[PDB]
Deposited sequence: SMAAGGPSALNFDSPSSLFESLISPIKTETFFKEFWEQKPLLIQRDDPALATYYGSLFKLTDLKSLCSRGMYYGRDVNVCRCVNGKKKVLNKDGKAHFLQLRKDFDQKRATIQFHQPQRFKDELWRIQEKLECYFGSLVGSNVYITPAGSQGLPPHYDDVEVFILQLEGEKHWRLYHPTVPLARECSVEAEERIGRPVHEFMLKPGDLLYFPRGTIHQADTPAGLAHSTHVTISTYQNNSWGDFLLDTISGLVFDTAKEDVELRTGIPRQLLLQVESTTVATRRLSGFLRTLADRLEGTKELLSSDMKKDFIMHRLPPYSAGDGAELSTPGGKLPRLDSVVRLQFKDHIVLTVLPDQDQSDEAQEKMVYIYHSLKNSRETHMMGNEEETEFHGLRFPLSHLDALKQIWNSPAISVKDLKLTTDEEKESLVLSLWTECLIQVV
């Protein structure tokens, strides 16, 4: 049951155990909710170490701001009443609004301070290839922090402290791309109703309408909601790809650069000629796509690599800044490192291929002309593919005209701590 941090895959596998990943993606992922109830006292203990109400004591001493780091709320009348003060958040004030006013506390991106949640979410970003944020929700006994609603992300909920009554409803907007509160009268009857206890994990796709409340008693409820896949649909990837095609058009190709007919925006009906012209561009683009594969610019790739968490580091990020071991020579064999933290793309006298990585990304700003990378001549692309796909490859086998650029290519990647001499 213990989380295995040997790899992204092993982590996710353990995270959902005893459920197999093959089953998760074939029947649950983006389809329906998944409740994983366990009777593992050790796991329940581990979950409790992820985050607890008292951690805010140390956190607030660091200095935590309302809105930015913490939010105080409470559900009245199907709406969320905010009890936020303007400025720094003091643990005593929060405790007051919590125990006295029965308000729910919501901490934003705890991974910025908690090393375990960082280690977890970072491995998940690698596994999914998408940003992974999280919000901590602390609700006092016999109360409810939020009204029924649904979010725009895929979520993995881990019950840290106490129990909580959950009710899930059929989605009004399947796999929604936007969040929205719903009227208690328009959601119908709960499709799923259950109690989450420490050590339990709950997954449900974006669009899933839900609402939870802490049962009467003394013990409060604490859970962390780990979310991912925001704006990561085929529609998003489609627009991303088309934008790349449209704006990365050669200097000698001007059709897409010509102007639309004058007053077209003033028309009360899509002209038949403009529609025909548009359909023509789309079909052409379609053919251009399946035709000669090539690397295209992608804002989604850039957005991901620029805002994701850097590799987990027990102590100082020494291994992330200064390369180690021996320098790669033309006779040695190398293995790429931090592979899931690297992306290859192109920019909007030869063409160049760009390599970006997140080894030097800031953990403190996670989810809260300034981002450069490594430039390489397009002629090196096939060589980069060799390294990317190989478990261990010899510098000599790189597909480059000269042996100098082979030692140059590897050295360049070694200095950034991306290559290890196997």
If a residue lacks a C-alpha atom here, it counts as unmodelled; so which stretches of the deposited sequence fall into that category? 1-7, 356-363, 384-388
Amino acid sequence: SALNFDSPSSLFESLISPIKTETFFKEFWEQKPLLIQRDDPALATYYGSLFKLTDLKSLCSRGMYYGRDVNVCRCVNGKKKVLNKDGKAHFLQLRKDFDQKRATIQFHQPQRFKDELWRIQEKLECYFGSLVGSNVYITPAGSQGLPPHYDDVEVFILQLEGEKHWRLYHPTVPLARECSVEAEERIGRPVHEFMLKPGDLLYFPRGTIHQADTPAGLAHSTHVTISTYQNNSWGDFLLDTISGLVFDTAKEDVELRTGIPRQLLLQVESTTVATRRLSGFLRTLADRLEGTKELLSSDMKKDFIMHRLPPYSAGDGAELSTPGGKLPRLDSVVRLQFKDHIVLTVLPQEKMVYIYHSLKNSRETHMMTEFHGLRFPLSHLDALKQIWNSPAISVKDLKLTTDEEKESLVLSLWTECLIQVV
From here on, numbers count along this sequence of modelled residues.
Mean Cα B-factor check, 127-135 vs 247-255, entry values; winner is 247-255
Look up the CA B-factors in the entry and say which stretch, 393-401 or 24-32, has the higher mean. 393-401
Report the option among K81, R283, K302, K339 whose CA atom has the maximum B-factor in the deposited record. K81
Of the choices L359, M368, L50, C60, which one's C-alpha carries the largest B-factor in the record? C60
Could you say whether, by C-alpha temperature factor, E294 belongs to the lowest, middle or highest third of its chain? highest
B-factor third for the C-alpha atom of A216 within its chain: middle
Give the position of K114 by CA B-factor within its chain, expressed as the lowest, middle or highest third. middle
Sorting the chain's modelled residues by C-alpha B-factor and splitting them into thirds places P147 in the middle
Sorting the chain's modelled residues by C-alpha B-factor and splitting them into thirds places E182 in the highest
